[PDB]
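Two forms, one chain: they're shown below as structure tokens, one block per form, named structure 1 and structure 2.
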Structure 1
């Protein structure tokens, strides 16, 4: 029944290989694709490519199976084409008796004319390779075979094993107890003697060291003791050392145990590690270090990455140009003597790519574009922004850009009809003009704050996400990026995410998604954003950027669950990072005091920048004028509320005194009196009730009798506090040591994002402070009235986040050609 065709191509040990085999009437040859029924009779048939044919001297006839992945087993789920397969790095040796039948599969390669094929509207096929852990679709690898029975899955899995393994390279000196090496490699990184290493913060240590409840009634609602926006739980950044030795223990017979590579390093001091502790970091550059003579031995396996640590004085080009011209760059100018707690001089032995033409849809004032420009990858030649103030802001910052103040649907319809100019006379971009496409579609529908998201949008075919995908389909850019709020990935059981990826895959794009935390790229703000990246067939698909700054772990939940499958990005820095966290102090301690209602558009800074972050954002060129440090003019009642929020960390509306106050209005803030009784809540030391509405008990209803107006404690917050976590953070002050909550379009102290009060002044954060929280340069122009400006800032992608993404795209530009 089963008989081999020919003789044995190769003969190993127990296994005897062949080239082609014959089962019944069919005949299978290395390369043919086959199907297999599951070990559980229920599931569908599996599909695989035959890699090898052989029989071993104990068990039966065998073959090597390189499995395909069905479309539904990917993140696409049931939105996948039923006939589409995906290449995966999964394979196994199997007995020929499992083969059910031969199967035809076609490779659907993109056309040589793929970039021009957009805008025009029964067999298994594959076009892309899928990574099941990172939800990445990429162009099939070009691993070439010397490999007769060649399995590409085996080839890549072996490459991947030799990459992860710590190996020593060039020897050096054989000592009594160990062998020294000059270099070693790990995760594809070359480490040499004298290189800098990132080490986990526990790798080595340094040789250095009841309220009055009548007056504040709502204070009991702070029993949680959890402080929003606080930096007590953020991890320490990496330890940094200089490789002094790379050595392996020698066995008793003298041969080196190359399974157990160790390194000896010199310890570097961050300022906050010296005796001066945390305040030393306030003014210091985030990449400043101090040399030390302290040494430590650690396992090579503990190295988290390589970095450059240079003596600053010997550098050609200045410290700033050095620090801006590359990743993982640190410097030192002095050494730190721990025993003497002093700073001596360091000992002697311590010594042409053209930019992508970019189209920015829903451009806003230009945060994404600014970030991409800083990364050096793009010129935003075209922007589409329907709202006139933001389009004006974009024009101010981008003079050689063509900014369309048009509905993006209208403008695409004109291009597809063959139009050359819009109604203003502006030249429309055509196929081949657009090489990168980026945009942040409106997020009001996807935001979890939106209580009414079913009223005026429930059709995916007509959403602005689909409009944006139509731009991608039409212009076929080299790179594509879509940004939105985190909830974009789980909205409607993740169908918007699945249909977006499905659409890109149908175009032939490599694509992927992930969630990023802006605070991990250098703003004092928690801001989780979903990012869809795509790359044309001839390109490399970018990776998501590794975190640069440590950040509070609660704010860094970046996993996404799609149909029970949990998905993560490529990011490996999970517990630490090269740079300290950016704080509210870093962000705005240099700004002069202003009042509630501050309207002076151009004032004096009254002093030089104080922190590294302020130095970066204010720029090299001296700036004589501080712009847009203006605040909304809150009413007399709200202003009185703010004046009564304590300055201590964690202060919000729950700390308000229950008093009458005379407002600047001449009017009078009234006292809140606790009428009803909440058995779930109780009563105070005084025995006074804690309810303010007939809703607090049973299944009753709201009546206007118990609703109190003009109260210093806002009535609506005790009214519904039991089901809203006591409205923590409403009228909440920022903390100097902490970070901003997500910066939205209009900072309201009674909004869901209510922690908008200045740490000390009795006002809402200014437009400049919100811009600082978003990482905008101080010279970055906004436009319109103050609410226009707040919206421009709150809508934007933080430029430091966009810059991190942009440098990942730059690596792909350099790796292609």
Structure 2
């Protein structure tokens, strides 16, 4: 019933291989695809390509199965084409008895004309199926949710009869995962030194720079012990009655829990211990490095980093021995005086670049010169930016050097004007993108303004952030919400992608884009891209990890045309508060992460509010002067970068809103200490600038949950503080310095922590929003010391805008332009990944 076809081609040990076999009516050669029934008959069939056939002398006839992955098993889930399979690196040997049948599985290769085949309607993108036999077009990575073009690994001349792409690639992966040694330098008594070694695909030579975790070594400088603030001192509970609502010690925006950045070492010796016979123990690779001092690591503590470049190091003669496995990555560390180009052109010329000028001696606590033994393009993509705003994303991409935004669609006119101001020679459309795409599809050349419409082939990269009004909830889709989504700007954007078929595609959105409607918006977006034939993936980035003093998690969908390389997500550059760095995403109770490997540390120190705005001159509440004096040079590396090279005699848009007299009193009665907000307000009468009065907040009801003051006073300001009693309108009080509504509903809003909250110089911004309001959602918008709301220029700094980036409109328009924008440092990191792909194209 099961019989071989011929004699054996190769017999090794207990196995004997054959090329063709016969099962009960059928003949199978290596290369055919088959089906296998799981032990659970309710689960669907498994499908695999046979890669080898043989017989084991103690178990019987065997074959090697390289499994396919059903589309429902990918992140696409139920939205997958019911007949679409995906190549995966999964395989196993299995008895031929498990084979159920032979199935036809076709490879649907994109045509040479793929770029012109777009134009299918949203319904055909969302729900259209292929309508043929089993087919695959893409390889799938399950831990990163990456759909990519199938690998082109070639078969051996000695291992062709039994070759398996999956086995070959898994062996490649393991062999690059294990660290090895290379050209052997010199034999010593106790160890043997090498000139080079390799780890995770990176080549480390003697003299290269290594990233190490902060635990890898310590410095000879005594890390002088700071003092955590003693227990919260008791305050006058009748003067600051709401202070009791600060029983949590957690400070929003604080960097007290932010990790330390990497240690930087220079490889002095790569070496292995010798076995007693003299041969090296090459499974135990050690390295000897010279400790580099960051400025903040010298006897001058943290303040030494306020002015220094973020990549400035101090050479030292201290040394350390660590395990090679501890190396977190390679980096360049150059002596500045020997550098061919200037220090700025160097630092801006590539990743992981550090330089040193002086040398640090901890024993002497002095800076001297380092010993002598310490010495030794391509065309931009034409880009269409949909829902551009003032152009933060386009600016970041331009800074990466990959894009010229030739076309932008922005319906809000002041943001369109700002994008024009910053991007002359780009065509900015203010029409509905649906109207534009329909005009293009109808054969139109120009819009009603005379502007030339982008045609197929003009658009080489497509990026944008589409709003998600109507379906931004978590509840499941119904008919109404699904219709609103099918007629949505997200789907319109995908239609743009399908029509123009650019080389690269980026959808940016709020973090929760990945969870909307039980992750259905995400799943349908990926489904559309796959239906177009794109390679694609998704992930969540934290903008603060790329060089801004702000927590801003954004969702990122990346797509790359067939023939391209699918970009990686950018590795974090700066350490950041870990609680602001939850980037994982759960889809159908499966956890996906990105390719990011820097989880606990990083190469650059975190950017603080001090780095962001310590150089801006003091202004009053309601500052309106559009052009003022900086009153001095930039102070931090970040300020030098954003102010730029050419000297700027004018500081622009350092204006603030003119909050009312009551709000101004409140603000100037918020303490300057970190973590201060409305709960530290005093309960006093105060006369306002308009001569009116602000009265005490009187406590009129017993909150049995929160109790009473140390003086015995009540803590409720309304009858609703009782069990089921409703709001007595007479209990509402007006023109109180302590706003009445915050104690009124604070028990169910985490005591409205952060409202009327000050920023911290050592800390970061909460998410920069379109209109900073101290009693709104994100109400931590007060200046660290000045009695005002954060300014437009300060918000721009928190978003990482260059100071020369022109805005447009009134102050609320400009706040909104800044708030809506993608932080250019984040956009630039993504763009550099895209550039990697552009450079590494076959």
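Rigid core (definition): largest C-alpha set, two forms, superposition within 1.5 Å. Residue numbers count along the first chain shown, from 1.
When the two forms are overlaid on the rigid core, CA displacement between the two structures of 2 Å or more is confined, within 402, 230, 575, 447, to 447. With the core held fixed between the two structures, residue 456 has its Cα displaced by at least 2 Å. The two forms, fitted on their core, place the C-alpha of residue 687 1.1 Å apart, compared between the two structures. Aligning the rigid core between the two structures leaves the CA of residue 670 offset by 2.1 Å.
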